[PDB]
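One chain comes next, on its own, written out as structure tokens in the form deposited in one PDB entry.
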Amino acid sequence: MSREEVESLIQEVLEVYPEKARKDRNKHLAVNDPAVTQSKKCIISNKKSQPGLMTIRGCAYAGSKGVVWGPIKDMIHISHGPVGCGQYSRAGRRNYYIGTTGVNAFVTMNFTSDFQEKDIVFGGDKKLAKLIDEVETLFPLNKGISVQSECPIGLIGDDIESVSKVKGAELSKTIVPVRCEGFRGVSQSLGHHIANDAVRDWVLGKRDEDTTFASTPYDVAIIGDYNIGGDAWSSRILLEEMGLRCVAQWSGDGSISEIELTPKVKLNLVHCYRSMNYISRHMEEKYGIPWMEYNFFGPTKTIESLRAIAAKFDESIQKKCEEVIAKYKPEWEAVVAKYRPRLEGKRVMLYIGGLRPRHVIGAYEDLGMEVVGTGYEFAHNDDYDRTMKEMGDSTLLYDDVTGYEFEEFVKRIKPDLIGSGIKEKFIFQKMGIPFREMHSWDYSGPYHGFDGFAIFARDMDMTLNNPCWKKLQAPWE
């Protein structure tokens, strides 16, 4: 509560910035009003970051290779350019998968061109063709190749599309050139857009004339779930228990064949709207496949999404959904009974990329915990429209926050728990405030579904109530 003091806090934080930085950053922080649905009049997002302010945003290459294309297990993704980009992004995201790494799965492996000064002065198309030949020779069981571009590729003027076309005609292989140079756009959102466009143009339409796949009226496709810590798995089993057949899974534990078979489904269940809304809207136009959003964070959102999904099918699916809810009720009831008393009344501040900052609030309220501040790194205005109705009255909203702004906001508000990335984990741990990594689940999880709710509650209790937070002040100080 106390919107006026929050506005005073915002102005006090903004005082330190220079003139232009002050006026630019004033538009990215706001007080939440649940009644207002048009966040354009309240908060401005999806704009370039101010230089030298230590932002948390990534690049288009991180959004394309790291997020969308990377989880595809049976394809080989080559970071075309210098070595650092692929070195830092190797095995850093916990998109889980099942396969034989190095033989038929290549998710945790790092393929790169390793550009040197010559490849910068004279280009690297011949080196790209030689690399593709060597990949074909040494990894025969790969089912596709993607070429993720980096900044030098776009700067020096390399035509990777022609190389991809020629080599794909030569070897009868699917080669997808992705123009995901990091200087494009302002964050990973344009990387998501570019990766979606690449999927649309090079992979999705490969089975338009193929009709040998036997279809069922209960066929669905999961889109936008990257199987972080197995999350997608803990969702899909529930969909399997409703009587639905999940044909595709984008993109965690995903295969190129599943992407090809996606246009044959009857419904597209989108988890991350931000990254896969482009491909969902296209598949509704070119194929007529309807799509819907669903939330599996916490028992309440899980049950609501299950019933909403079952509403689109016949009565048998609804009966199976009711059976599933009745079966799983005692488990989450026991979890709530065990963990709510230790967590009731606690306050949370969140700052994650584009979806979770509004998707986890439901589980947090299910465990009797209030979210007082939330924000995004690279969300658009429709994401804030969705977020405003789910977030508390006169609560803090921030877009593309800086390190100093975030530190001052936490120092003033003093929440009980914080959920953000690795780059703020140790900062906020040194200030004595419990921290949970909301990206990789702090190397735990899954958190989706009834099975993931127990892990989420256990992790929240183990971090928020750890004795180490009572030992920061020396007894003689």
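Think of the rigid core as the biggest set of C-alphas that the two forms share within 1.5 Å after superposition. For every residue, the number given is its place in the sequence shown, counted from 1.
In what follows, reference is made to the form deposited in another entry, a form of this protein that is not presented.
> After the core is matched up, is the C-alpha of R57 off by 2 Å or more between this form and the one not shown?
No, the C-alpha position differs by under 2 Å between this form and the one not shown.
> Do you see a C-alpha shift of 2 Å or more at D451 between this form and the one not shown, with the core held fixed?
Shift at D451: below 2 Å after core fit.
> Would you mind telling me if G86 and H439 are closer or farther apart in the other entry than in the shown form, C-alpha to C-alpha, with a 3 Å or larger change?
Here the pair is closer than in the other entry; there, farther apart.
> With a C-alpha distance change of 3 Å or more, do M438 and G92 lie closer or farther in the other entry?
Relative to the displayed form, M438 and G92 move farther apart in the other entry - a change of at least 3 Å between their C-alphas.
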